[PDB]
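Right, one structure below, let's go through it.
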Amino acid sequence: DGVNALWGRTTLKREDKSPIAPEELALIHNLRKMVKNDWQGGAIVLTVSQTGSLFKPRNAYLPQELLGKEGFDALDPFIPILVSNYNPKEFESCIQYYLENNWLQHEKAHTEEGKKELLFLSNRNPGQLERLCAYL
Amino acid sequence: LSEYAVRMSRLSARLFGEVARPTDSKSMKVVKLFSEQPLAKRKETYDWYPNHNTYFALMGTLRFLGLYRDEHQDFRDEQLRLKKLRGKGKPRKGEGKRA
Amino acid sequence: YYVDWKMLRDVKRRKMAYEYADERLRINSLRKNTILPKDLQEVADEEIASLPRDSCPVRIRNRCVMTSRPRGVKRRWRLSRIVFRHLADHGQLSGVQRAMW
Amino acid sequence: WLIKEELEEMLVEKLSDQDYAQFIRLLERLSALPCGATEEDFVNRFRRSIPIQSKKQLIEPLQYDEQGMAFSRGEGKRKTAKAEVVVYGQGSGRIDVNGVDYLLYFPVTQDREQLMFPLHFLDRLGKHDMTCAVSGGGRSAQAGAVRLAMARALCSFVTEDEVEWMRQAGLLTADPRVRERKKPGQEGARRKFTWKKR
Amino acid sequence: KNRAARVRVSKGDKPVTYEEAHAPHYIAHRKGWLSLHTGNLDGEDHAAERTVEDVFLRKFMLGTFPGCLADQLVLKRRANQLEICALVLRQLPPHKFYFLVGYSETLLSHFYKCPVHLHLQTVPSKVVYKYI
Amino acid sequence: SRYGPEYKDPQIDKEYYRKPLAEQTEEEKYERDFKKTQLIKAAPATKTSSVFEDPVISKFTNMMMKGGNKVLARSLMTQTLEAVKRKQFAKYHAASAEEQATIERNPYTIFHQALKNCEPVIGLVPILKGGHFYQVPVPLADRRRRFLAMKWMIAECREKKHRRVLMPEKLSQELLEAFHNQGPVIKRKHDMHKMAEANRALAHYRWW
RNA sequence: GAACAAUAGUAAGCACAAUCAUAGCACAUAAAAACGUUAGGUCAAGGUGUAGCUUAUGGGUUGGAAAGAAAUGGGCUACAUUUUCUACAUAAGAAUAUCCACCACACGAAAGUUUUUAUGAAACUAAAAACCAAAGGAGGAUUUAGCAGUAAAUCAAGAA
Ligand SMILES: [K+]
Ligand SMILES: [Mg+2]
Ligand SMILES: [Mg+2]
Ligand SMILES: [Mg+2]
Ligand SMILES: [Mg+2]
Ligand SMILES: [Mg+2]
Ligand SMILES: [Mg+2]
Ligand SMILES: [Mg+2]
Ligand SMILES: [Mg+2]
Ligand SMILES: [Mg+2]
Ligand SMILES: [Mg+2]
Ligand SMILES: [Mg+2]
Ligand SMILES: [Mg+2]
Ligand SMILES: [Mg+2]
Ligand SMILES: [Mg+2]
Ligand SMILES: [Mg+2]
Ligand SMILES: [Mg+2]
Ligand SMILES: [Mg+2]
Ligand SMILES: [Mg+2]
Ligand SMILES: [Mg+2]
Ligand SMILES: [Mg+2]
Ligand SMILES: [Mg+2]
Ligand SMILES: [Mg+2]
Ligand SMILES: [Mg+2]
């Protein structure tokens with residue numbers, strides 16, 4: 262998780278306070294050999310993220326800019342599965358799940374009007390929905 | 004930064020007229036010294052002061068020729084005359100305190 | 028007559044700087060470059076300091092052309108702050124008005 | 200009734216407040232009695248008509264363009280931030296500000312609450328598709344500007360009675376609060392330097 | 036109390052012209068600028084040379100026409116030519132007025148190296164706007 | 035104030051407009067609101083028609099704000115409600131049959147009830163008479179009592195907390211303490227009552 | 001020197017008012033604020049009355065005005081946890097005055113030492129880095145400012 266960190270620059274410095282390349286680290290260097298497709302009888306599931314990324318903008322989420330020139334170069338071919346937000350069917354299921362555990366404790370949270378506000382504020386996004394439901 | 008980029012950077016500099024060979028940060032000031040006009044030669048500097056000598060002398064001669072009448076200079080002369088009448092004028096050279 | 032002896036000194040100072048402006052520039056070029064040998068730069072420092080004292084751009088002082096106030100002078104009009112108000116309040120300067128916003 | 204200044208210009212003579220009040224009260228006594236034809240002409244010379252007073256807004260008619268149905272345009276401005284909002288009445292619930300999704304563009308929960316406020320008041324959160332273009336100001340200035348633009352742009356799709364409800368809630372009125380200047384001789388707009396009495 | 040270019044109230048016996056009857060904060064509100072030129076624009080140079088030349092004319096015209104000058108000059112600069120508009124009382128004979136007009140036009144033109152226009156309007160006395 | 039005297043405070047509650055036909059006097063009130071053509075101020079940025087807001091939360095959120103960080107103040111108020119919710123949820127799980135349907139898991143109910151127990155009933159104001167100051171009790175108004183309770187909450191959790199313990203968790207503890215009438219804030223409320231009762235014979239000094 | 005169900009006052013001038021500016025109005029803010037008071041401040045912006053100097057109280061050249069026992073005013077940075085560091089706009093990771101068998105550590109030098117850069121004939125002036133980590137743990141009597149986009153926090157440019 263966070264495969265983009267195997268090629269991007271590293272914050273860690275040395276005694277001279279000069280940045281070190283990501284290949285200097287032994288853990289990354291050996292783990293790098295674990296993603297180059299040469300062995301048999303195995304499958305690897307990867308995920309390029311942004312929360313823990315270094316020197317990457319907030320808006321960027323597509324695989325190429327997160328990996329960069331070098332990261333994308335040493336990863337082809339792959340299957341870029343896209344993770345989306347909630348669909349209307351999923352959104353109702355998640356809200357009903359919390360109501361079964363009595364999580365949404367607001368008096369008017371049980372009505373459809375509260376559901377509409379949750380849909381608009383969270384943009385039917387699982388990450389934002391959890392933060393909202395934690396205090397309403 | 005590759006050898007290809009070095010040639011292109013130098014080749015572009017040759018045509019547009021900049022410095023081709025590498026130059027230090029401090030060594031570029033000599034180019035700046037001749038590229039710009041020195042401070043002491045700008046028209047704002049050496050022509051900063053209007054020539055008061057010509058302005059004063061011209062109106063001095065026109066005053067004596069009756070073409071320009073200056074009230075302020077007349078005021079000094081009129082008061083200067085009264086000081087002479089009252090007995091308090093400017094002594095000549097070598098008359099201040101040696102006597 | 029300039030309005031004060033100080034103003035007269037500045038005119039002499041500006042005149043002397045103009046005469047030695049090009050000669051100073053040529054010698055000062057040698058000092059400000061690190062590619063020439065250090066031996067030549069030391070000789071240049073002796074020559075540039077042998078020039079007359081008044082022929083220095085830093086010694087030039089910006090005064091008012093009317094009252095010769097050493098400070099409080101706007102560079103655009105070359106006038107003291109008191110004289111500038113005296114001309115501007117009477118409407119004798121184009122485009123200058125009391126600020127209101 | 201005639202203003203004292205207007206009355207002085209009708210009699211071509213200066214008057215006083217006590218004299219004007221006495222004259223007006225006398226007309227009220229004359230006007231409270233049964234009225235004759237001659238008196239009404241005399242009284243009407245002292246009558247003045249006020250202009251039309253109304254606070255209803257001008258409803259912008261819906262515009263159709265290139266097979267596009269029920270799209271209106273709105274203009275909003277608040278605290279050095281202008282917002283241009285066009286709302287389509289035939290789409291789902293989504294807002295595209297400056298070519299990006301509104302959730303990404305407004306991370307702050309409060310800012311996304313401002314955009315909800317017009318739509319939630321009309322119970323049409325998911326019945327409109329919008330695209331916006333706002334420039335200048337901070338996060339809150341833009342959020343307020345987009346809120347104002349939607350309120351004016353949504354008046355076309357809403358009945359007239361609820362438009363009055365919109366005004367009573369403060370959606371349609373521009374915010375006049377703008378940053379003041381810094382006076383010469385003071386630390387800020389109102390704060391002055393420390394005043395040592397002795 | 037502000038005192039810049041103001042005439043103080045003294046009963047009702049002192050005449051005041053239009054220019055002197057307005058405080059300096061009324062500039063560009065009730066009265067215009069006595070001089071107009073390009074030097075004080077946004078991106079224009081040569082503003083100090085115009086100012087010193089303007090002041091000299093305020094002192095030359097006032098001294099060339101002693102007593103007969105009504106009020107302040109008006110200086111207009113178009114292209115490279117300089118136009119001076121003045122109000123002069125009926126004091127000198129017309130022979131002397133044309134002498135001074137001819138003298139002023141030639142002397143200033145050869146001094147500032149620019150053509151000079153001198154237009155005169157004659158009034159019987161100083162124009163009074165308030166008091167009196 | 036850029037708003038003139040004619041401008042009035044807007045009405046935000048949506049329910050006030052959607053059901054006006056069930057009353058007559060209130061109908062006359064808002065029909066004349068626009069018939070008089072009275073101008074309406076712009077909607078404030080803080081207040082909104084969202085059903086999940088609460089006026090007592092906004093006032094408490096504003097006081098926690100230092101400088102101009104409304105985001106930080108709102109973030110702290112969000113965590114504190116979450117922190118209270120987590121603690122009550124954990125206590126509900128580890129309880130007997132009779133104890134289960136006693137614990138309250140609604141932070142808003144806890145927050146509203148906590149402040150109504152920290153409000154003093156009678157305050158003190160110094161009065162100068164005879165060259166000396168006498169602490170004279172007075173019947174503090176409801177707005178002052180409500181404001182005074184909030185200030186005591188903020189003052190306590192800002193001063194005598196440890197440097198390691200975070201603000202959201204420290205405030206959460208005091209809310210539960212005040213909910214059970216045992217917090218130091220409740221002790222401070224009683225202390226103000228102790229002084230007021232001691233000077234019960236000086237109430238004659240006040241002239242209102 | 002006024003009594004409006006009016007009893008000696010009248011019409012003009014200046015000021016307030018109104019108007020103008022801050023590109024709609026409104027509000028608000030600017031701007032304005034007479035006659036006088038304090039022999040208020042300014043002969044050193046400049047001019048000038050009176051008094052004084054005139055091989056000198058004038059003019060020019062060269063070098064030099066150090067230094068803080070101590071007291072005080074107005075400010076910037078702090079004394080941290082609503083904080084510090086890094087990435088980045090605001091959903092993250094890490095540090096956190098204490099423990100100790102040894103160690104070593106938080107916040108906070110803007111100061112000081114050294115090196116270098118910028119301007120300049122001259123660096124004593126300014127800025128950057130390395131090293132260094134001191135007072136400071138919310139301040140006695142007393143006291144200043146602010147009524148809403150104001151206080152407060154934060155960022156930027158310009159004048160010379
Ligand atoms: K004198
Ligand atoms: Mg002098
Ligand atoms: Mg050097
Ligand atoms: Mg200098
Ligand atoms: Mg401030
Ligand atoms: Mg009046
Ligand atoms: Mg206006
Ligand atoms: Mg006003
Ligand atoms: Mg003012
Ligand atoms: Mg006014
Ligand atoms: Mg005195
Ligand atoms: Mg005093
Ligand atoms: Mg004095
Ligand atoms: Mg003098
Ligand atoms: Mg003196
Ligand atoms: Mg004298
Ligand atoms: Mg001497
Ligand atoms: Mg002290
Ligand atoms: Mg000060
Ligand atoms: Mg800091
Ligand atoms: Mg964190
Ligand atoms: Mg530290
Ligand atoms: Mg530090
Ligand atoms: Mg330092």
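Chains as they are written, first to last, in PDB author numbering: chain AX, 262 to 397; chain AZ, 4 to 102; chain AK, 28 to 128; chain Ag, 200 to 397; chain AC, 36 to 167; chain AF, 35 to 242.
In this text, a Cβ means the ideal position worked out from N, Cα and C, and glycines have one as well.
Query, Result
"Any heavy atom of ligand 5 inside 8 Å of the beta-carbon of Ag:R390?", "yes"
"Relative to the alpha-carbon of AX:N320, which residue among Ag:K281, Ag:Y301, Ag:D218 and Ag:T279 has its alpha-carbon at the smallest distance?", "Ag:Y301"
"So is AX:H290 buried or exposed if we call it buried at 16+ other beta carbons inside 10 Å?", "exposed"
"Give the interface partners of AZ:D27 over in chain AK, defined as CB-CB distance under 8 Å, in chain order.", "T61 and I62"
"Give the single residue among AZ:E74, AZ:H55 and AZ:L70 whose Cα lies nearest to the Cα of AC:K131.", "AZ:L70"
"I need the DSSP call for AC:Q156, collapsed to helix, strand or coil.", "strand"
"Kindly indicate which residue of Ag:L347, Ag:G336, Ag:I223 and Ag:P306 has the alpha-carbon position closest to the one of AX:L393.", "Ag:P306"
"Provide the residue span of the beta strand (DSSP E) that contains Ag:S253, from first to last.", "It is not in any beta strand (DSSP E) - Ag:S253 carries neither H nor E in the DSSP assignment."
"How would you label AC:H145, buried or exposed, when you count the other beta carbons within 10 angstroms and need 16 or more for buried?", "exposed"
"Alpha carbons only, please: which of AC:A39, AC:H64, AC:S45 and AC:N37 is nearest the one belonging to AK:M127?", "AC:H64"
"Looking at ligand 4, does it come within less than 8 Å of AK:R105, judged from the CB to the closest heavy atom?", "no"
"On a Cα-Cα basis, can you pick out the residue from Ag:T330, Ag:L371, Ag:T393 and Ag:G337 that is closest to Ag:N297?", "Ag:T330"
"For AX:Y358 and Ag:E379, I'd like the C-alpha separation in whole angstroms.", "51 Å"
"Using 8 Å for Cβ pairs, my map puts AK:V92 next to AC:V136. What's the rounded Cβ distance?", "Not a contact, Cβ separation roughly 30 Å."
"In chain AK, which residues lie with their C-beta within 7 Å of the C-beta of AC:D89?", "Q119"
"Identify every run of the alpha helix (DSSP H) within the segment 320-358 of chain Ag, keeping only runs that are complete inside it and at least 4 residues long; order them along the chain.", "338-352"
"When the Cβ atoms of the segment 332-349 of chain AX are set against those of the segment 378-385 of chain AX, are three or more pairs found closer than 8 Å?", "yes"
"Would you report the Cα separation of AK:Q124 and AC:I62, rounded to the nearest angstrom?", "6 Å"
"Does the segment 121-129 of chain AC come close enough to the segment 139-159 of chain AC that 3 or more CB-CB pairs lie under 8 Å?", "yes"
"Look at the Cβ atom of AF:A117, then the Cβ atom of AF:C152, and state whether they are nearer than 9 Å.", "no"
"Does chain AX have any CB closer than 9 Å to the CB of Ag:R338?", "no"
"Do we get a CB-CB distance below 9 Å when we pair Ag:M329 with the residues of chain AX?", "no"
"Which residues, in chain order, does the segment 256-274 of chain Ag contribute to contact with chain AX at a C-beta distance below 8 Å?", "none"
"Is the Cβ of AF:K48 closer than 9 Å to any Cβ of chain Ag?", "yes"
"Whether or not the segment 361-376 of chain Ag and the segment 274-293 of chain Ag are in contact is what I'm after, with contact meaning three or more pairs of Cβ atoms, one per stretch, closer than 8 Å; do they touch?", "yes"
"From the DSSP output, read off the bridge partner residues of AF:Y64.", "For AF:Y64, which the question treats as bridged, DSSP gives no partner whatsoever."
"Can you find a C-beta in chain AK that's less than 9 Å from the C-beta of AZ:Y71?", "no"
"Is there at least one Cβ from chain AF nearer than 9 Å to AX:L360's Cβ?", "no"
"Count the other CB atoms, across all protein chains shown, that sit within 10 Å of the CB of AF:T136; report buried if there are 16 or more and exposed otherwise.", "exposed"
"Using alpha carbons as the reference points, say which of Ag:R397, Ag:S230 and Ag:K326 lies closest to Ag:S291.", "Ag:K326"
"Hey, would you say the C-beta of AK:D31 is under 8 Å away from at least one heavy atom of ligand 2?", "yes"
"Along the alpha helix (DSSP H) that carries AK:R58, what are the first and last residues, could you check?", "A48 to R58"
"Is any beta-carbon of chain AF found at less than 9 Å from that of Ag:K254?", "yes"
"Between which two residues does the beta strand (DSSP E) harbouring Ag:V286 extend?", "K281 to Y287"
"Across the segment 154-162 of chain AF and the segment 226-238 of chain AF, are there enough close Cβ pairs to call them in contact, namely three or more that are closer than 8 Å?", "yes"
"Cβ closer than 8 Å: which chain AC residues qualify as neighbours of AK:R103?", "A82 and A83"
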